[PDB]
Structures are given as structure tokens and as C-alpha cells.
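Note sheet for the following structure.
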Amino acid sequence: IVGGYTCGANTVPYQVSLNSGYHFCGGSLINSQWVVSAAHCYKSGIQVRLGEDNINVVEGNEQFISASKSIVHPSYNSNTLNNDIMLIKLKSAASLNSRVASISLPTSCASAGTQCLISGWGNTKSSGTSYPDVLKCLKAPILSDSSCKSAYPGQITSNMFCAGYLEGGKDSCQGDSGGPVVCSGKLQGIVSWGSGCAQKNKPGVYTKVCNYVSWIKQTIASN
Ligand SMILES: [Ca+2]
């Protein structure tokens, strides 16, 4: 996250870290045994880390549970990033409290102009590399589809949206991928791609979760 603030320990209780010997992508806890992430984070051998604040210190609230199964969206296209969404089932159900909780799936798509919260452990610089060890948060608006398509001519599909600031300075960044964008207490986005971070006229691009709800629910019901 570039340009954001330190969330504070377990203030974002649905936020997960996907670990394969190291933190590589974020994710969102959607019920006790399922996590939603970005299809571009797919790896074999993922462990899910819940209850984290400082990913490099064991502080007391953590649950580390291996993934049993990972499902990439049937239509995921790695060259376009269209349908950049993945389901991970946990080997065991998580124990859900105030500090480890699931986030609700949306009923409606959120509109341009809505303010959302984006969080993760990604790079905090627009030029060069500096990874935080604690969880970083950004409030940012959803931009209009017009402003989005006009920043990224030819590249935006119906299953994406932009959010952030055309002036730059504040965005998501490398390592924040697969993490949540939550608006009005619902999961509306997944951190997916962008051109660099926090650059002028190159907002972050996010998977539009409200398009996938029927897919999510059907998959979870059957697996
Ligand atoms: Ca920790």
C-alpha cells in the first residue's frame, strides 16, 4: 500500500496472508473454511495465515492453516487478467472471533463515488522497494468506468473496476494482490493489477466481486 496508514492490529479481521515460506499475496476470509484471492496469486503449497498484524512476529492471535484445494475461475485469462479470482478451501475450519472474522459477499455492485478500504502488506513506495511488516490500510473511492477506461484504454473489462486517485500518490502495490477492497462492510473488490503504483493517471484495477457471487456460492456448496 502506498500512501496509506497503519491499520492497527486486527482491525481488519477478514484479511489473510498467503504464505509459501514467505508472504506473497493477500486474501479475504469469506466463511470459516473458504478464502477468496486473485487467480494470478495461484501457487501450489499455500498456507493460509489468519489473525496477523506483524507477519514477521508471532503476537498471539494467529491461525495458520494449510489449503486443501485451490480453484481458479474457469475463465481466468492470465494475459488480460480478466476474471482474476480464485477460491482456496482450508484443511480445517478457522475459529472465528472479534479478531478473526469473515467478510460478507455483496448483494449489489457498489457505484463510482463509494469510499472503500484497501489493505495489505505490499510495497509502500512508488519508486524503489520497502515492505512493511505490519498491515497497511488505504481509503479510496471507486472511480467511474469512464475515468477507468480512459486511463487504461483497451484493457478494462466488465469484471474490473478502478479505485484510487488519478493524481496518484496513494494506491495498492506489489504484494497487496489478492487482498480485499471492502465497501460498506461488503467485499466489493480484489486487488488485481495496475501500471506501476501510485502513478499519475494510473489508478489500481480491481476484480468486480459482485459479478462472481453466484459462482462463489455454487462452488462453495459443492466442494
Ligand atoms: Ca504475526
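Side chains included, hydrogens not; waters and symmetry mates left out as well; all remaining heavy atoms used. As the structure lists them, so they are numbered: ligands from 1, and atoms in each ligand from 1. If you read the sequence from its start, that first residue is 1, and numbering goes on from there.
Among the atoms of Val57, an N, O or S atom is found under 3.0 Å from the Ca ion (ligand 1). For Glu59, every N, O or S atom stays at 3.0 Å or more from the Ca ion (ligand 1). The distance from the Ca ion (ligand 1) to the nearest N/O/S atom of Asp53 is not under 3.0 Å. Inclusion of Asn54 in the first shell of the Ca ion (ligand 1) is supported: an N, O or S atom falls under 3.0 Å.
Looking at heavy atoms from C-beta onward, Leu18 lies in side-chain contact with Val48 at the 4.5 angstrom threshold.
Between the CG atom in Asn56 and the NE2 atom in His23 there is a gap of 10.5 Å [rounded to 0.5 Å].
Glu52 contributes atom OE1 as its closest N/O/S atom to the Ca ion (ligand 1). Nearest N/O/S atom of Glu62 with respect to the Ca ion (ligand 1) is recorded as OE2.
Checked against the 6.0 Å centroid criterion, the rings of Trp121 and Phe24 do not qualify as a close aromatic pair.
Taking a 6.0 Å sphere around OH of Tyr131, one finds it holds more than 12 heavy atoms contributed by other residues, nucleotides or ligands.
Between the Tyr152 side chain and the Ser195 main chain, a donor and an acceptor come within less than 3.5 Å of each other.
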